[PDB]
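Structure assessment
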Protein chains: 2
Amino acid sequence: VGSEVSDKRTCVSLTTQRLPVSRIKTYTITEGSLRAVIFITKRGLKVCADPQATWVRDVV
Amino acid sequence: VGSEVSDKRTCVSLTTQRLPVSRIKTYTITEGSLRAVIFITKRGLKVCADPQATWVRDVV
(Lines give C-alpha, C1' and ligand atoms only; values in the text may rest on other atoms or scores of the structure.)
Protein backbone atom coordinates (compact mmCIF):
# COMPACT_ATOMS: atom_id res chain seq x y z
CA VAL A 1 0.00 0.00 0.00
CA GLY A 2 1.00 3.64 0.16
CA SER A 3 -0.35 4.43 -3.27
CA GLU A 4 0.26 1.44 -5.50
CA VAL A 5 -1.33 1.22 -8.87
CA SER A 6 -0.60 -2.07 -10.47
CA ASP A 7 -2.07 -3.21 -13.71
CA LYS A 8 -1.63 -6.81 -12.78
CA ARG A 9 -3.00 -7.42 -9.31
CA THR A 10 -3.43 -4.87 -6.70
CA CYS A 11 -4.27 -5.55 -3.06
CA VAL A 12 -5.43 -2.96 -0.56
CA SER A 13 -5.89 -2.86 3.18
CA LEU A 14 -8.25 -0.46 4.74
CA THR A 15 -8.30 0.04 8.43
CA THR A 16 -11.70 0.71 10.02
CA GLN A 17 -13.62 0.19 13.28
CA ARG A 18 -12.74 -3.36 13.71
CA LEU A 19 -13.16 -6.17 16.04
CA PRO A 20 -10.38 -8.71 16.59
CA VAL A 21 -10.50 -12.07 14.96
CA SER A 22 -8.26 -15.03 15.78
CA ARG A 23 -7.41 -16.14 12.28
CA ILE A 24 -7.54 -14.54 8.89
CA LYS A 25 -10.52 -15.35 6.78
CA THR A 26 -10.22 -15.69 3.06
CA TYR A 27 -13.21 -15.13 0.85
CA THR A 28 -13.22 -15.74 -2.79
CA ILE A 29 -15.56 -14.23 -5.33
CA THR A 30 -15.45 -15.09 -8.96
CA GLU A 31 -16.75 -12.62 -11.48
CA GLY A 32 -16.39 -13.51 -15.13
CA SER A 33 -12.64 -13.83 -15.16
CA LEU A 34 -11.94 -11.80 -12.10
CA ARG A 35 -11.03 -13.23 -8.77
CA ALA A 36 -11.71 -11.00 -5.83
CA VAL A 37 -10.19 -12.23 -2.59
CA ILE A 38 -11.12 -10.79 0.72
CA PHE A 39 -8.87 -11.28 3.69
CA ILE A 40 -10.56 -10.49 6.93
CA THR A 41 -8.16 -9.03 9.40
CA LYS A 42 -8.45 -7.60 12.92
CA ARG A 43 -7.45 -4.22 11.48
CA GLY A 44 -9.89 -4.23 8.64
CA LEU A 45 -10.47 -5.30 5.15
CA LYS A 46 -7.68 -6.50 2.98
CA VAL A 47 -8.68 -7.19 -0.57
CA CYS A 48 -6.78 -8.72 -3.44
CA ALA A 49 -7.64 -8.69 -7.07
CA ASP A 50 -6.53 -11.45 -9.40
CA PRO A 51 -7.94 -10.75 -12.87
CA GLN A 52 -7.74 -13.03 -15.91
CA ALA A 53 -4.64 -14.83 -14.57
CA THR A 54 -5.92 -18.23 -15.19
CA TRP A 55 -8.90 -19.27 -17.17
CA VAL A 56 -11.83 -18.68 -14.94
CA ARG A 57 -15.42 -19.78 -15.39
CA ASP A 58 -18.07 -17.14 -15.96
CA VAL A 59 -19.79 -17.96 -12.63
CA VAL A 60 -21.11 -21.48 -12.09
CA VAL B 1 -9.90 7.34 -1.45
CA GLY B 2 -11.40 10.73 -0.71
CA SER B 3 -8.14 11.79 0.98
CA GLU B 4 -9.68 10.30 4.12
CA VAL B 5 -9.85 6.94 5.74
CA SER B 6 -12.76 6.41 8.01
CA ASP B 7 -13.58 3.94 10.74
CA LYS B 8 -17.17 4.18 9.58
CA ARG B 9 -16.63 2.88 6.07
CA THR B 10 -13.66 3.08 3.87
CA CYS B 11 -13.78 2.18 0.18
CA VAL B 12 -10.91 1.92 -2.27
CA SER B 13 -10.76 1.45 -6.01
CA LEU B 14 -7.82 -0.54 -7.21
CA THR B 15 -6.37 -0.67 -10.64
CA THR B 16 -6.24 -3.98 -12.51
CA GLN B 17 -6.26 -5.16 -16.10
CA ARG B 18 -9.86 -5.91 -16.41
CA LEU B 19 -12.33 -6.37 -19.12
CA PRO B 20 -15.55 -4.28 -19.01
CA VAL B 21 -18.43 -5.40 -16.94
CA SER B 22 -21.93 -4.96 -18.36
CA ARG B 23 -23.61 -4.43 -15.03
CA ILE B 24 -22.13 -3.14 -11.84
CA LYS B 25 -21.91 -6.12 -9.61
CA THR B 26 -22.09 -5.89 -5.89
CA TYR B 27 -21.07 -8.63 -3.57
CA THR B 28 -21.67 -8.70 0.05
CA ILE B 29 -19.86 -10.80 2.60
CA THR B 30 -20.52 -10.88 6.28
CA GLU B 31 -17.86 -11.96 8.72
CA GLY B 32 -18.59 -11.63 12.43
CA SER B 33 -19.88 -8.09 12.23
CA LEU B 34 -18.04 -6.93 9.20
CA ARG B 35 -19.63 -6.11 5.90
CA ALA B 36 -17.34 -6.46 2.98
CA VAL B 37 -18.69 -5.13 -0.29
CA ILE B 38 -17.20 -5.57 -3.66
CA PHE B 39 -18.22 -3.41 -6.55
CA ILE B 40 -17.13 -4.82 -9.81
CA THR B 41 -16.38 -2.05 -12.25
CA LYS B 42 -14.82 -1.83 -15.73
CA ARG B 43 -11.67 -0.27 -14.23
CA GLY B 44 -11.00 -2.97 -11.75
CA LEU B 45 -11.95 -3.86 -8.25
CA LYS B 46 -13.71 -1.39 -6.00
CA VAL B 47 -13.90 -2.49 -2.41
CA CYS B 48 -16.04 -1.17 0.41
CA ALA B 49 -16.00 -1.94 4.05
CA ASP B 50 -18.99 -1.40 6.26
CA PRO B 51 -17.85 -2.66 9.66
CA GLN B 52 -20.03 -3.13 12.71
CA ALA B 53 -22.57 -0.30 12.19
CA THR B 54 -25.53 -1.73 14.12
CA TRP B 55 -26.75 -5.23 13.30
CA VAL B 56 -24.58 -7.32 11.08
CA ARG B 57 -26.04 -10.78 11.03
CA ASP B 58 -24.38 -14.11 10.46
CA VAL B 59 -26.95 -14.67 7.74
CA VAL B 60 -28.14 -18.16 8.40
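Residues numbered from 1 in each chain as written, not as in the entry; some residues may be left out. Chains lettered and ligands numbered in written order. Heavy atoms only, no water.

As summarised from the PDB record, the model derives from solution NMR.

Concerning the side chain of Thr 41 of chain B
Counted only if it meets this: Segments assigned H or I by DSSP are reported as helices when at least four residues long, segments assigned E as strands when at least two residues long, and all are numbered from the N terminus. Any residue under 20% of the maximum accessible area for its type is buried, any over 50% is exposed, and the rest in between are partly exposed; the area is computed with a 1.4 Å probe on protein chains only.
By the secondary structure assignment, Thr 41 of chain B is in strand β3 (residues 34-41). A relative accessible area of 15% means that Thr 41 of chain B is categorised as buried.

Focus on the UniProt feature "disulfide bond" in chain A
Residues and elements named next belong to chain A. The condition that has to hold: In what follows, a disulfide is any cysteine sulfur pair within 2.5 Å. UniProt positions are given in the numbering used here, feature names are shortened, and annotations may be inferred rather than shown by experiment.
Annotation check: the disulfide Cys 11-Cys 48 recorded in UniProt is satisfied, the sulfur-sulfur distance being 2.0 Å, below 2.5 Å. Linking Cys 11 in strand β1 (residues 11-15) with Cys 48 in strand β4 (residues 44-51), this pair joins segments that are 37 residues apart in sequence. Overall, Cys 48 belongs to the buried group, its relative accessible area being 14%.

Some words on the nonpolar core
Cut-off, in case you're wondering: Side-chain atoms within 4.5 Å link the members of a nonpolar core, which is a set of buried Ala, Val, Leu, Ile, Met, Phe, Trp, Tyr and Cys residues. In this analysis, two residues are considered to be in contact whenever any of their non-hydrogen atoms come within 4.5 Å of each other.
Counting residues in each nonpolar core, the largest one holds 21 residues, and the members touching the most others are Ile 38, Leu 45 and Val 47 of chain A together with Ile 38 and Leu 45 of chain B. Those elements that place two or more of their residues in this core are β1, β3 (34-40) and β4 of chain A together with β1 (10-15), β3 and β4 (44-51) of chain B. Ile 38 of chain A has contacts with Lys 25, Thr 26, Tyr 27, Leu 45, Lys 46 and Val 47 of chain A together with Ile 29, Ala 36 and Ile 38 of chain B, leaving out every residue within four places of it along the chain.

Overview of the interface of chain A and chain B
A common measure of how large an interface is: the accessible area buried when the components associate. Note the following rule: Reported buried area values correspond to the accessible surface (1.4 Å probe) lost by two parts on association, with both partners' losses combined. Here, a salt bridge means any side-chain nitrogen of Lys or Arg that lies within 4 Å of a carboxyl oxygen of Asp or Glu. Nonpolar residues are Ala, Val, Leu, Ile, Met, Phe, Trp, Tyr, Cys and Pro. Charged residues are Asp, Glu, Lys and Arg, and all others, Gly as well, are polar.
Taken together, the contact between chain A and chain B spans 30 residues of the former and 28 residues of the latter. Counting the surface lost from both chain A and chain B, the interface buries some 2,600 Å², and carbon and sulfur atoms represent 68% of this. Taken as a group, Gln 17, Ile 29 and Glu 31 of chain A account for 21% of the area that chain A buries against chain B, more than any other trio of residues on that side. Linking chain A with chain B are 2 salt bridges, by the criterion used here. Between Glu 31 of chain A and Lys 25 of chain B there is a salt bridge, with the nearest N and O atoms lying 2.6 Å from each other. Contributing elements (two or more residues each) for the side of chain A that touches chain B: β1, β2 (25-31), β3 and β4 of chain A. Taken together, the residues of the side of chain A that touches chain B break down into 16 nonpolar, 8 polar and 6 charged.

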